[PDB]
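See below for the structure under consideration.
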Amino acid sequence: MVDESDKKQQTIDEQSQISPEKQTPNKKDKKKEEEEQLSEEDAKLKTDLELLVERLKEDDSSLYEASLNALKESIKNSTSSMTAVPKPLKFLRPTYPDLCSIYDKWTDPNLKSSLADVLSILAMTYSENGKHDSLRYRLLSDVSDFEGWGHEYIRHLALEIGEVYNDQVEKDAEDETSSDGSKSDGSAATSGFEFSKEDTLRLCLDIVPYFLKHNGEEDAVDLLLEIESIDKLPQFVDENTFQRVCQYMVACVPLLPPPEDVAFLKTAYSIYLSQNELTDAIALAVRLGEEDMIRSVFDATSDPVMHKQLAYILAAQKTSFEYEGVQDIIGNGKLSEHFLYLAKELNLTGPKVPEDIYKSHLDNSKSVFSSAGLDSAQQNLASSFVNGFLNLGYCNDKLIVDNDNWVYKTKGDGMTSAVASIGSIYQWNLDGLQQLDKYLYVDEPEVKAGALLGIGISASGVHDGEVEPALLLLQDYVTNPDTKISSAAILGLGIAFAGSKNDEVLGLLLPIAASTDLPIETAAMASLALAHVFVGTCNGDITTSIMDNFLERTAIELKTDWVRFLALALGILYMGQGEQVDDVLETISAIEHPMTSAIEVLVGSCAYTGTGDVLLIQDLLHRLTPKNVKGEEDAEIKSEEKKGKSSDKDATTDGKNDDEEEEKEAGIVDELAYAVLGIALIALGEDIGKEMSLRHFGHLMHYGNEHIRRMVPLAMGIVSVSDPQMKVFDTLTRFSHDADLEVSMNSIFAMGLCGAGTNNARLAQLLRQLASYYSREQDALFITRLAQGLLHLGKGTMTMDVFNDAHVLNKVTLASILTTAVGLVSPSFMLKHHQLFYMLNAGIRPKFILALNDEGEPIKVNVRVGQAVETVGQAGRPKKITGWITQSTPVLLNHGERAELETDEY
Amino acid sequence: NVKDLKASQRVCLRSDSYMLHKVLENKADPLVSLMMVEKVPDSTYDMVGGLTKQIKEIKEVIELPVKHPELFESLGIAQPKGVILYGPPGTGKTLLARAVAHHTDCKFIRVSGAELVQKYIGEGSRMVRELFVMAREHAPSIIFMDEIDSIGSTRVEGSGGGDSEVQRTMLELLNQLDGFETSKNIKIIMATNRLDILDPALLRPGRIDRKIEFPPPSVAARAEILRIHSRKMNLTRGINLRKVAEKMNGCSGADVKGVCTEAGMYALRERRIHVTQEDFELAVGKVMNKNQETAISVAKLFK
Amino acid sequence: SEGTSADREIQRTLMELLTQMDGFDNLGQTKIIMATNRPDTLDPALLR
Amino acid sequence: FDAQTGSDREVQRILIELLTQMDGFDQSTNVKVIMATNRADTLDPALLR
Amino acid sequence: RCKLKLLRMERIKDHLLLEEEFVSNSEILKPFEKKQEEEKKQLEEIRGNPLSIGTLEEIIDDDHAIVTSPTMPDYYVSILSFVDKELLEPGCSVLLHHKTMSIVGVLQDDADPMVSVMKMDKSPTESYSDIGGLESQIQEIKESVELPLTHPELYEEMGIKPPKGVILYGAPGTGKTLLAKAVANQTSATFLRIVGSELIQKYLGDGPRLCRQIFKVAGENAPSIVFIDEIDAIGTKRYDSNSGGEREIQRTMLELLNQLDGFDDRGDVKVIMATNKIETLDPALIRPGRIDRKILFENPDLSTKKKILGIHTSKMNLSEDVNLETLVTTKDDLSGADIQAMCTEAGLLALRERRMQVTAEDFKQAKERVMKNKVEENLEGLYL
Amino acid sequence: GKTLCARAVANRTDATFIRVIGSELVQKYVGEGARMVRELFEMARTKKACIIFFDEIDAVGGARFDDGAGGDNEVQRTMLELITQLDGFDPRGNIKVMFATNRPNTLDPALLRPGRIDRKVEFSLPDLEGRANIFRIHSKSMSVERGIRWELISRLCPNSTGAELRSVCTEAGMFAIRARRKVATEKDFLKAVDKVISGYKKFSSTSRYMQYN
Amino acid sequence: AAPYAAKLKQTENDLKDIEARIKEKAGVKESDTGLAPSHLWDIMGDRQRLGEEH
Ligand SMILES: Nc1ncnc2c1ncn2[C@@H]1O[C@H](COP(=O)(O)OP(=O)(O)OP(=O)(O)O)[C@@H](O)[C@H]1O
Ligand SMILES: Nc1ncnc2c1ncn2[C@@H]1O[C@H](COP(=O)(O)OP(=O)(O)OP(=O)(O)O)[C@@H](O)[C@H]1O
Ligand SMILES: Nc1ncnc2c1ncn2[C@@H]1O[C@H](COP(=O)(O)OP(=O)(O)O)[C@@H](O)[C@H]1O
């Protein structure tokens with residue numbers, strides 16, 4: 001440290017720690033006297049650079065501060081940075097660290113502030129040279145180790161980040177602001193940013209998201225594509241690149257409300273497309289929900305290869321996975337045109353092959369019955385629905401149904417729902433139609449109507465490839481003028497096709513849903529069906545639905561139930577979009593009534609989805625307001641008010657649910673809670689309001705996909721035994737279902753205690769019984785999620801009928817609706833060319849460790865489990881493929897996706 | 001109200017129903033009860049000096065993750081657990097642990113096998129966790145579990161040290177203490193006469209990672225302890241304390257404090273203010289004679 | 001007093017006798033006749 | 001000490017006051033307590049210090 | 001962007017939640033105003049102030065009870081007003097009325113400084129694969145500890161009673177300590193951890209009350225996993241010999257047999273015991289069905305130690321210089337606590353430099369210090 | 001299943017069961033536990049149709065002997081308090097008395113006099129028929145694939161406990177779930193017989209009773 | 001350590017909510033013994049409380 005002169009080269013370094021003699025006196029004097037001596041300075045630049053490098057190792061603040069103190073002055077005091085024009089410009093390389101030594105190494109508040117501004121200007125001017133890039137680089141990849149650079153290099157990088165962010169907030173931009181003093185754009189800093197990005201991508205990760213999003217343009221993202229696609233395999237593997245990308249969309253997913261969010265995720269899709277794996281491509285294309293992006297990946301395998309190859313099989317698998325059936329319709333018919341084989345290809349895309357694999361899983365799952373043996377009165381009705389609820393999905397319980405004794409003892413609305421429950425035994429199955437047919441041609445109209453509902457449920461697993469579509473059966477019934485018959489028919493058609501908006505299905509539903517002049521309560525199903533059809537894909541926000549809602553309000557207000565169902569139907573219709581839904585909020589609000597205000601708060605949730613924090617706060621001010629106005633005064637109306645209050649509560653929960661899914665998974669723990677206080681609250685907000693918030697909570701959890709499933713449903717449940725409306729229990733169980741018999745051991749006991757214990761009304765008893773059977777599926781047959789499963793950010797289309805029903809007080813009429821509850825997840829199996837129905841091995845992981853994702857890419861250690869197991873729910877969801885040791889390579893990466901495994905054995 | 005009130009805070013009561021009046025202007029703290037009742041000061045490194053190599057070893061491993069645990073976080077290193085100070089008694093093993101406590105800004109909790117410190121639990125097999133938890137409250141702290149490893153004489157056949165039995169309880173806790181409220185700052189400063197009489201499960205892999213031997217004093221180091229003591233006294237000029245350190249040979253840091261005291265009791269008898277160079281001929285001779293009269297038959301400092 | 005509490009009850013009462021027997025409390029014309037059935041039970045400060 | 005019974009916590013509470021008043025008592029022209037003990041195995045580590 | 005994505009969702013949600021509950025405090029009281037509001041008035045007047053703490057010795061079924069107060073005087077009180085007699089039963093601390101003593105309710109209960117050692121304040125921040133390698137003798141500790149809590153389904157198919165207990169045994173440092181705390185993070189049910197050195201006490205009678213307690217708390221707050229860390233410590237640790245000794249060791253053992261099992265029919269108390277003195281236990285302890293699958297660990301083999309050493313060097317700064325595989329060569333059937341101490345000691349060499357880098361040179365040097373420990377309490381040199 | 005048939009008999013008789021742990025009878029100070037035993041027996045005399053089940057009275061019930069400096073004497077006060085209540089100066093008026101001892105190796109000879117413990121029943125190891133009976137109570141309770149031998153599994157085993165046969169099933173049940181079988185077959189039962197036996201030898205599970213008092 | 005350090009502060013700031021929430025949740029909290037059938041027991045046990053036999 002101490003000066004020991006020029007005795008050897010080692011002690012020259014020690015000499016310049018206190019006072020440099022080759023950077024301070026000599027150089028300073030030289031610059032301030034002769035200008036022939038500019039030639040001597042130029043040679044001495046190289047020497048000066050070396051002395052910095054050697055003393056980088058030294059970290060002490062005092063011996064960088066004082067040493068380079070008079071050089072820091074010289075910039076404006078003696079040199080003035082223009083006494084020899086080029087020469088000070090190219091000698092700004094040693095002087096730039098001198099400024100940083102007062103910024104970061106020494107902290108003097110007055111100078112630390114002031115010289116930040118100076119650093120920005122000189123960074124820009126020296127990046128013209130392109131040597132400011134090289135200045136950054138020697139510290140980014142390092143040459144020496146010291147604590148100092150670890151705080152310092154960031155400051156250089158921060159100059160760029162500063163200005164670019166400021167141009168959005170303050171419209172004036174450029175160097176007009178004195179907060180940077182550097183121009184925002186122009187060909188002098190733009191080339192600096194590109195070069196900087198290159199070095200920082202290789203070694204770091206830091207400044208790359210700040211730059212793209214701060215420009216605010218998709219253009220920034222499209223520059224990124226170029227650099228990364230080079231890097232895809234030689235620099236590092238495909239996998240490392242995928243983890244590098246998906247996050248541009250994810251940190252900044254929640255962080256894109258509609259117009260930006262779509263434009264950024266377009267680019268990520270394209271990056272994946274460019275790279276080797278098309279498997280990553282399909283996942284992002286589904287995400288966007290655009291028809292256009294789906295087609296391009298499907299075409300990419302199908303069209304170029306003339307031969308059948310792997311390519312046709314692979315295309316069919318990829319589109320099959322979404323059980324919305326949106327991909328299914330689009331992908332069909334290309335197979336027909338090409339014509340290698342119609343028979344294998346068409347079946348494989350359709351959900352017909354999913355019926356067959358279910359038999360293999362079922363061969364394992366068998367049957368254990370537990371259904372209620374109660375008969376007579378309302379207890380007969382309870383038991384007969386319960387049988388269907390335990391045998392959801394493909395199950396064989398034919399003989400019990402064929403005993404027509406208990407069937408005929410149902411009465412009223414009970415008959416309709418009894419036949420509907422029979423259909424859920426043969427849910428997702430071609431056979432089952434036979435049982436329904438018997439009743440349909442005999443007795444009163446009530447059994448005829450219930451048959452049509454059951455056809456709907458059964459037709460879910462078979463409606464593609466022109467193999468017994470739901471359309472075929474149900475068209476005749478729509479024609480028939482009876483209201484019960486027609487209403488039942490169009491409900492079942494919507495369920496079966498789900499998100500598919502095929503020409504025949506859509507166009508049948510197109511002239512209708514436009515009569516509401518005639519007062520019919522069960523014409524809720526008119527719009528309700530059409531709304532269900534629309535979800536799963538981008539929405540036209542159809543003019544048929546918007547018109548009829550307004551017309552209904554004009555005609556009637558007597559049937560409170562009718563207008564409440566209608567309001568929800570609009571909000572569910574708009575799901576699958578958010579850009580266009582900003583427009584329609586205004587359109588609805590054009591005509592103003594207090595009744596119309598009820599509709600608006602619902603539609604606000606969908607428009608504002610993919611952010612909600614302006615939405616959240618809004619849906620809370622609303623809650624306060626009823627109380628606020630009566631509150632204010634001391635210091636026909638019935639229908640309008642009630643619609644008003646209820647809509648808001650539903651809207652609050654809905655807003656939260658879509659928001660929690662798409663974006664960061666940690667926050668989910670709290671979002672359930674935004675409700676616990678919401679509930680305590682409403683249970684608190686009005687006497688009337690308490691009734692609504694109870695029911696909403698259960699579907700909050702199911703939609704939101706809470707991590708915790710043990711504590712919160714059970715605890716809430718106890719309080720709500722005392723409280724009226726036993727429909728609370730039904731909504732809790734749809735969440736609790738999980739992976740069956742993990743969560744659900746506690747659930748059956750807890751729900752069973754209140755139900756068995758208390759009988760004081762057979763009406764109250766009925767709701768409790770149905771909820772219990774729903775929760776469990778024998779021998780872990782299937783799971784239900786609201787989510788797609790293909791994306792865990794995703795949201796289904798079949799589960800939207802579940803979400804609808806919790807907005808109203810319980811009714812016998814509502815029981816008919818509740819039979820439908822579709823939303824199946826398939827169990828993965830390793831496929832072959834002969835369609836092998838067994839998985840070899842898999843790893844399951846309860847909790848992803850990887851803090852290189854939210855989703856957590858499944859690691860490679862895992863816990864090993866056997867063949868032919870259901871894809872586990874929460875606390876099992878990350879799933880890695882074990883097959884690599886046995887000479888097998890997955891073709892279709894599976895992370896705990898719905899998607900069936902496919903392997904190529906070598 | 002209840003949010004102006006808290007546990008172990010003295011309140012005034014108006015007693016005819018016991019209706020809370022004021023918070024009191026006092027507060028009890030239980031950790032000072034223990035610390036006082038034992039009684040120990042704190043020190044600096046100018047009251048240890050002369051085993052200046054030792055101060056370097058302990059400042060590395062104890063002081064530097066207190067001031068800056070960040071460095072360790074980056075390296076990725078699980079910071080030191082038990083750190084053994086051991087050597088002949090009185091060589092300022094104890095005064096080093098004190099000296100570090102002032103600098104590190106820790107409570108110097110001297111533990112010593114006492115149960116007089118306690119009157120609310122009264123054993124250390126139910127006060128390992130409570131001891132750790134006071135030190136967590138009044139964080140940071142340096143827990144000086146001084147295990148002498150000779151206490152009792154059925155307890156050394158019985159466990160190799162009954163103190164090491166409690167040491168074993170602490171140290172096992174200590175293994176997952178990497179995060180639970182965010183890492184360590186409650187250090188295990190352990191001490192002993194050697195580690196050949198410590199249980200070999202206290203010296204198992206990864207459990208003890210820095211081990212500090214302390215020698216008897218140098219002749220340069222023994223002069224530096226003498227010089228500290230001379231600032232309390234009033235000498236006569238011309239007395240070299242490098243001369244005194246060479247009259248002595250010591251074998252512990254214990255010997256030179258009693259040389260300094262004996263010269264001022266000899267000057268006390270004299271009835272003159274000054275300390276003279278002749279007092280130090282006799283004094284050096286009184287301790288060196290004392291040191292040999294407990295080792296010719298291995299007689300204790302008691303009957 | 002590595003036993004029970006009984007044995008420090010013994011100890012409190014024993015210490016009281018010693019200050020009496022010889023102390024700044026002095027005796028007197030008071031005499032101790034101590035009858036015991038075995039004297040090597042005793043504490044040796046009661047053999048004194 | 002036991003200190004698991006009410007009667008020991010009485011013995012102790014007096015000894016804590018001796019020690020505390022002995023700290024108070026220092027740097028005074030008094031001679032700090034003369035005390036005798038029969039044996040050296042009733043001392044506590046803090047008393048003997 | 002990978003940290004941020006997590007943060008952006010989770011923070012904003014904790015800020016909203018907090019705000020929500022402030023506006024909401026007032027709102028609690030609004031759905032009532034005489035429906036519950038009135039009820040509250042009625043209870044209070046009954047209670048008055050002070051509510052005097054008693055201790056309930058026993059109940060009598062005629063609406064009365066005998067309390068003994070800690071202030072001395074017993075009282076024959078009446079169980080009247082706002083009280084269930086099913087929330088009464090020996091050991092309760094009760095609220096008495098300050099004129100005539102009636103039990104108005106039970107709200108007070110008071111925790112022990114021994115249930116404070118037992119009960120843990122953490123959830124383990126480390127999780128599994130921090131000593132990983134020997135990862136097939138770990139599915140004997142996750143098919144009998146983790147899994148019958150997680151799935152009842154599997155053991156319902158086969159029927160019968162599901163698993164009960166494990167004894168972990170082997171060399172020291174071979175992961176036993178971390179095994180127990182790594183299954184407690186995954187299950188998330190009440191994790192008790194007690195040292196065996198605290199089960200040995202220097203006072204009798206209290207020994208058995210402590211051991212009898214651990215499983216009684218355990219069954220109460222079921223499910224529970226009780227880690228008894230070190231049950232090798234029951235015959236090697238002992239203080240005095242006249243309130244220690246044989247007698248005290250035998251009695252604590254005897255007690256522990258009733259608890260596990262025994263006649264109690266307590267709660268779920270899976271047991272995890274670490275040991276290496278397994279033959280200083282009873283034949284009614286290492287009895288089957290209080291041990292089910294028992295796990296033996298020996299020292300890792302050469303290719304296992306490569307799993308171990310790559311866990312430990314991920315947290316450290318690396319270079320292309322560092323070579324793991326030659327560190328493996330040197331060690332030969334040694335503990336993974338040995339291997340964990342070389343990596344901990346290698347950053348001690350970094351700290352000593354004050355250089356932030358870790359090199360191949362730092363790992364080899366601390367390997368020499370680790371091998372010094374092993375063969376120098378040895379003094380034979382070459383096997384005599 | 002020493003204590004298992006006394007849970008079976010507690011189902012059948014429906015008398016009061018008052019269970020004692022012998023290590024529960026020892027307290028901090030001596031003669032405290034004297035209180036406990038005396039009082040417990042007199043509460044049971046007032047009680048009409050009751051059974052006192054003496055579990056695990058291997059400590060507290062042990063042999064009396066002299067040490068002349070022990071700490072065993074203080075424990076042997078409560079050992080005595082058990083004798084003096086059983087004969088009494090009055091008889092047991094419907095108190096049926098079980099004593100459960102692991103060990104007859106050490107016991108009191110006046111807590112094992114033959115007029116107050118009356119008939120005394122040695123419980124034995126199951127026979128080659130007796131294991132077959134036990135293991136049928138245990139596999140009738142398990143789902144197994146029919147056509148098996150419960151005789152076979154007993155032969156394979158040496159002279160052994162049924163507490164092993166309760167764990168032959170359950171460990172075979174874990175080999176059941178790893179194969180991913182709802183059912184249990186012969187093959188998994190073989191692995192399990194090997195598993196338990198190897199462990200028994202390694203330690204010393206049988207023909208060992210430990211203690212001294 | 002820029003990229004990480006920012007998150008580290010933001011985590012601390014977050015913790016400050018969790019404490020505050022424990023205090024607001026506990027400000028308005030109620031507690032019971034035995035609820036609804038022992039509201040009835042108040043009618044009765046208040047007549048009997050006036051006497052002396054306890
Ligand atoms: N497989 C491994 N991977 C990572 N760390 C390991 C592994 N094995 C052991 N360790 C580490 O070694 C240290 C001591 O191990 P642990 O306490 O878990 O087990 P043990 O065999 O009972 O040994 P001991 O009781 O003597 O510490 C801990 O920090 C632990 O995480
Ligand atoms: N002979 C048997 N027949 C049937 N089951 C048996 C038999 N022997 C033991 N068992 C099993 O062992 C289990 C526990 O035995 P239990 O605790 O009742 O026995 P014990 O002979 O008193 O031994 P200890 O008292 O030392 O535990 C019983 O529940 C039962 O499943
Ligand atoms: N390094 C030192 N500098 C000055 N005086 C010292 C030094 N070490 C020991 N002493 C003196 O010796 C006394 C005995 O040392 P002490 O700290 O009690 O010992 P131990 O090593 O046994 O913990 C001290 O109180 C002090 O007076």
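Please note that chains go A, B, ... in the order of the structure tokens, that every chain numbers its residues from 1, and that ligands are numbered from 1 in the order shown.
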Neighbouring residues of residue 601 in chain A were defined as those with any atom within 8 Å, considering only C-alpha atoms; residues of the same chain fewer than 5 positions away were excluded. Please report them as a compact mmCIF listing (two decimals) with C-alpha atoms, in the first residue's frame.
# COMPACT_ATOMS: atom_id res chain seq x y z
CA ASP A 619 -65.29 -4.28 -6.53
CA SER A 647 -74.11 -9.02 -9.22
CA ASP A 648 -71.35 -7.15 -7.38
CA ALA A 651 -68.12 -9.96 -9.90
Leaving out range 28-32 of chain B and any residue of its chain fewer than 2 positions from it, which residues lie within 8 Å of it when counting only C-alpha atoms, given as a JSON list (two decimals) with N, CA and C atoms, in the first residue's frame?
[["chain", "number", "residue", "atom", "x", "y", "z"],
["B", 8, "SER", "N", -44.52, -9.21, 30.10],
["B", 8, "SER", "CA", -43.40, -8.89, 30.90],
["B", 8, "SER", "C", -43.22, -7.37, 30.99],
["B", 9, "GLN", "N", -44.35, -6.61, 30.92],
["B", 9, "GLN", "CA", -44.40, -5.17, 31.20],
["B", 9, "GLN", "C", -45.32, -4.87, 32.31],
["B", 10, "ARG", "N", -44.76, -4.28, 33.34],
["B", 10, "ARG", "CA", -45.31, -3.94, 34.63],
["B", 10, "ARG", "C", -46.30, -2.85, 34.40],
["B", 26, "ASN", "N", -41.61, 1.09, 34.46],
["B", 26, "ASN", "CA", -40.67, 0.09, 34.50],
["B", 26, "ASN", "C", -41.05, -1.01, 33.58],
["B", 34, "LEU", "N", -30.07, -13.32, 34.85],
["B", 34, "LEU", "CA", -29.11, -14.40, 34.75],
["B", 34, "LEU", "C", -27.69, -13.82, 34.68],
["B", 35, "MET", "N", -27.59, -12.81, 33.78],
["B", 35, "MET", "CA", -26.29, -12.21, 33.49],
["B", 35, "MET", "C", -25.68, -11.48, 34.62],
["B", 36, "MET", "N", -26.45, -10.67, 35.38],
["B", 36, "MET", "CA", -26.02, -10.05, 36.59],
["B", 36, "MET", "C", -25.68, -10.95, 37.70],
["B", 134, "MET", "N", -34.06, -16.38, 25.04],
["B", 134, "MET", "CA", -33.84, -15.06, 25.59],
["B", 134, "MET", "C", -32.84, -14.31, 24.75],
["B", 135, "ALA", "N", -31.91, -15.09, 24.26],
["B", 135, "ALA", "CA", -30.82, -14.57, 23.48],
["B", 135, "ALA", "C", -31.30, -14.19, 22.09],
["B", 138, "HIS", "N", -33.21, -10.69, 22.88],
["B", 138, "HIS", "CA", -32.30, -9.57, 23.15],
["B", 138, "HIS", "C", -31.16, -9.67, 22.22]]
- request: Could you please extract the residues within 10 Å of ligand 2, counting only C-alpha atoms and all ligand atoms, and hand them back as a PyMOL selection string?
  value: (chain E and resi 161+257-258+260-263+283-285+287-290) or (chain F and resi 1-8+55-56+100-102+123-127+130-138+160-167)
field: Within-8 Å residues of ligand 1, basis only C-alpha atoms and all ligand atoms, as a ChimeraX atom specification
entry: /B:172,175-176,201,204-207 /E:129-134,170-181,274,307-309,311-312,335-338,340-341
Keeping only C-alpha atoms, take the residues you just selected and write them out as a CSV table (one decimal), in the first residue's frame.
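The new file part-v9.csv reads:
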chain,number,residue,atom,x,y,z
B,172,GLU,CA,-28.0,-30.5,17.8
B,175,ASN,CA,-27.8,-27.9,12.9
B,176,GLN,CA,-31.1,-26.5,11.6
B,201,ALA,CA,-19.6,-36.7,19.2
B,204,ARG,CA,-17.8,-35.2,14.8
B,205,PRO,CA,-17.7,-34.0,11.0
B,206,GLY,CA,-19.1,-30.6,10.1
B,207,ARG,CA,-20.1,-30.0,13.8
E,129,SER,CA,-31.8,-33.8,-1.3
E,130,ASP,CA,-29.5,-31.7,1.0
E,131,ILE,CA,-27.6,-35.0,1.8
E,132,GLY,CA,-29.1,-36.8,-1.1
E,133,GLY,CA,-27.5,-40.0,-2.4
E,134,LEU,CA,-28.5,-43.3,-0.7
E,170,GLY,CA,-26.0,-46.5,10.9
E,171,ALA,CA,-22.7,-44.5,11.1
E,172,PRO,CA,-22.8,-41.0,12.4
E,173,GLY,CA,-22.9,-38.2,9.8
E,174,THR,CA,-24.7,-40.4,7.2
E,175,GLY,CA,-27.7,-38.1,7.2
E,176,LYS,CA,-30.0,-39.4,10.0
E,177,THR,CA,-30.4,-35.9,11.5
E,178,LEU,CA,-31.4,-34.3,8.3
E,179,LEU,CA,-33.7,-37.2,7.2
E,180,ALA,CA,-36.1,-36.6,10.1
E,181,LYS,CA,-36.3,-32.8,9.5
E,274,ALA,CA,-32.2,-41.9,15.4
E,307,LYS,CA,-24.2,-37.5,-5.9
E,308,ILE,CA,-23.4,-36.1,-2.5
E,309,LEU,CA,-20.6,-33.8,-3.6
E,311,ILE,CA,-25.4,-31.1,-4.1
E,312,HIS,CA,-23.0,-29.4,-1.8
E,335,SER,CA,-19.7,-40.2,5.8
E,336,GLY,CA,-21.4,-37.5,3.8
E,337,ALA,CA,-20.9,-35.3,6.9
E,338,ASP,CA,-17.2,-35.6,6.0
E,340,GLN,CA,-20.1,-31.7,3.9
E,341,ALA,CA,-17.3,-30.5,6.0
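Listed by chain and then residue number, the contacts of ligand 3 are residues 46, 47, 48, 49, 50, 51, 89, 90, 91, 92, 93, 94, 95, 224, 225, 228, 253, 254 and 257 of chain B (distance at most 7 Å, using only C-alpha atoms and all ligand atoms).
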task: Compute the set of chain F residues within 9 Å of chain A, using only C-alpha atoms, and express it as a VMD selection string.
output: chain F and resid 177 to 180 182
Selection file, N, CA and C atoms, as an mmCIF file, in the first residue's frame:
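Generated output (out_31.cif):
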data_model
loop_
_atom_site.group_PDB
_atom_site.id
_atom_site.type_symbol
_atom_site.label_atom_id
_atom_site.label_comp_id
_atom_site.auth_asym_id
_atom_site.auth_seq_id
_atom_site.Cartn_x
_atom_site.Cartn_y
_atom_site.Cartn_z
ATOM 1 N N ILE F 177 -48.162 -52.316 -2.838
ATOM 2 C CA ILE F 177 -48.361 -50.958 -3.393
ATOM 3 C C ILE F 177 -47.238 -50.562 -4.353
ATOM 4 N N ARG F 178 -46.009 -51.030 -4.036
ATOM 5 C CA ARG F 178 -44.912 -50.836 -4.971
ATOM 6 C C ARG F 178 -45.132 -51.590 -6.283
ATOM 7 N N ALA F 179 -45.660 -52.833 -6.212
ATOM 8 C CA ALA F 179 -46.030 -53.516 -7.505
ATOM 9 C C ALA F 179 -47.301 -52.901 -8.189
ATOM 10 N N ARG F 180 -48.086 -52.129 -7.401
ATOM 11 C CA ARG F 180 -49.278 -51.404 -7.839
ATOM 12 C C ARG F 180 -50.377 -52.310 -8.123
ATOM 13 N N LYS F 182 -53.801 -53.883 -6.246
ATOM 14 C CA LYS F 182 -54.829 -53.765 -5.210
ATOM 15 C C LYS F 182 -54.781 -54.926 -4.233
#
task: Calculate how many Å separate CA of residue 176 in chain A from CA of residue 157 in chain A, rounding to one decimal.
output: 20.9 Å
Output as a Markdown table one row per residue of chain B within 12 Å of chain A: the closest atom pair and its distance in Å to one decimal place, counting only C-alpha atoms, sorted by chain and residue number ascending.
| residue | atom | partner | partner_atom | distance |
| --- | --- | --- | --- | --- |
| B:70 | CA | A:147 | CA | 11.2 |
| B:71 | CA | A:147 | CA | 9.2 |
| B:74 | CA | A:147 | CA | 11.1 |
- request: Check chain F with DSSP on the backbone and list each residue it calls strand (DSSP E), as a PyMOL selection string.
  value: chain F and resi 16-21+50-55+95-100
- request: May I have the residues of chain B within 7 Å of chain E, counting only C-alpha atoms, written as a PyMOL selection string?
  value: chain B and resi 17-18+75-78+125-126+129+154-155+158-159+162+165+169+179-180+205-206
message: Which residues are near residue 149 in chain B? Cut-off 8 Å, only C-alpha atoms, ignore same chain within fewer than 6 positions. Put them as number ranges by chain.
response: B: 156, 160-164, 192-193, 197-198
Can I get the selected residues back with C-alpha atoms, as a PDB file, in the first residue's frame?
ATOM      1  CA  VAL B 156     -16.863 -37.478  34.552  1.00  0.00           C
ATOM      2  CA  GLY B 160     -17.245 -37.603  30.287  1.00  0.00           C
ATOM      3  CA  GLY B 161     -18.586 -34.215  31.570  1.00  0.00           C
ATOM      4  CA  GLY B 162     -22.091 -33.421  32.766  1.00  0.00           C
ATOM      5  CA  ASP B 163     -21.722 -29.987  31.060  1.00  0.00           C
ATOM      6  CA  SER B 164     -21.057 -31.677  27.733  1.00  0.00           C
ATOM      7  CA  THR B 192     -12.644 -26.513  27.811  1.00  0.00           C
ATOM      8  CA  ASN B 193      -9.325 -27.691  29.168  1.00  0.00           C
ATOM      9  CA  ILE B 197     -11.735 -35.057  27.512  1.00  0.00           C
ATOM     10  CA  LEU B 198     -14.572 -33.734  25.309  1.00  0.00           C
TER      11      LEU B 198
END
